Every structure is written in C-alpha cells, then in structure tokens.
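Written out below as structure tokens is the structure these notes cover.
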C-alpha cells in the first residue's frame with residue numbers, strides 16, 4: 001500500500017482561473033487536503049487525484065519564507 005509515488009518534479013501548465021479559484025477555496029480554509037477534500041476537488045476540477053494534490057504543493061512553494069512586512073506572529 002504505497003501512496004507517495006516516485007518522481008516528484010514540479011511541473012508547469014496553463015490553467016483556467018475558473019478551476020484554480022475552487023482549489024484555493026480548499027487551501028485557504030484547510031492547509032492541506034485529506035480524503036473528502038480531494039474527492040470533491042477531483043470532481044470540481046476533473047484533474048486526476050494526483051494532479052489535484054500536486055497543485056497544493058505549488059501554491060505552498062510559491063509562498064515560502066515570505067516575511068518582512070509583518071513582525072512575526074509566533075505560535076503561542
């Protein structure tokens with residue numbers, strides 16, 4: 001029972017906001033998807049389960065160590 005396939009290489013392709021927006025609506029609320037979220041998106045976008053989950057990775061990457069304007073809200 002293996003899930004994490006072998007060969008995780010960031011890709012690049014043209015997408016239609018129409019679908020993009022949907023995906024986001026899931027992230028903004030929940031950091032990372034689980035089982036239900038995906039099942040839904042996969043239908044809201046049609047993209048393969050792998051494609052749907054993959055995206056999430058992108059958004060995160062794009063927004064990494066992007067601090068400066070704020071002071072730094074620690075976890076406490």
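Numbering (the working numbering), first residue to last: 1 to 76. All C-beta atoms, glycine included, are put in the ideal place defined by N, C-alpha and C.
Who are the Cβ neighbours of residue 5 in its own chain at under 8 angstroms, not counting the five residues just before and after it?
-> By 1-based counting over the chain shown, the position of residue 5 is 5. Closer than 8 angstroms at Cβ, skipping near neighbours: 50.
Cα-Cα separation between residue 71 and residue 21, rounded to whole angstroms = Position 71 of the chain shown holds residue 71. Position 21 of the chain shown holds residue 21. Whole-angstrom Cα-Cα distance: 29 angstroms.
Cα-Cα separation, residue 58 to residue 69 = Position 58 of the chain shown, counting from 1, holds the residue named residue 58. Position 69 of the chain shown, counting from 1, holds the residue named residue 69. Each residue's alpha carbon lies about 23 angstroms from the other.
Cβ shell of residue 28 (< 7 angstroms), same chain only, five flanking positions each side left out | For the purposes of this step, residue 28 is taken as the residue at position 28 of the chain shown. Within the same chain, residue 28 has no close Cβ partners at all.
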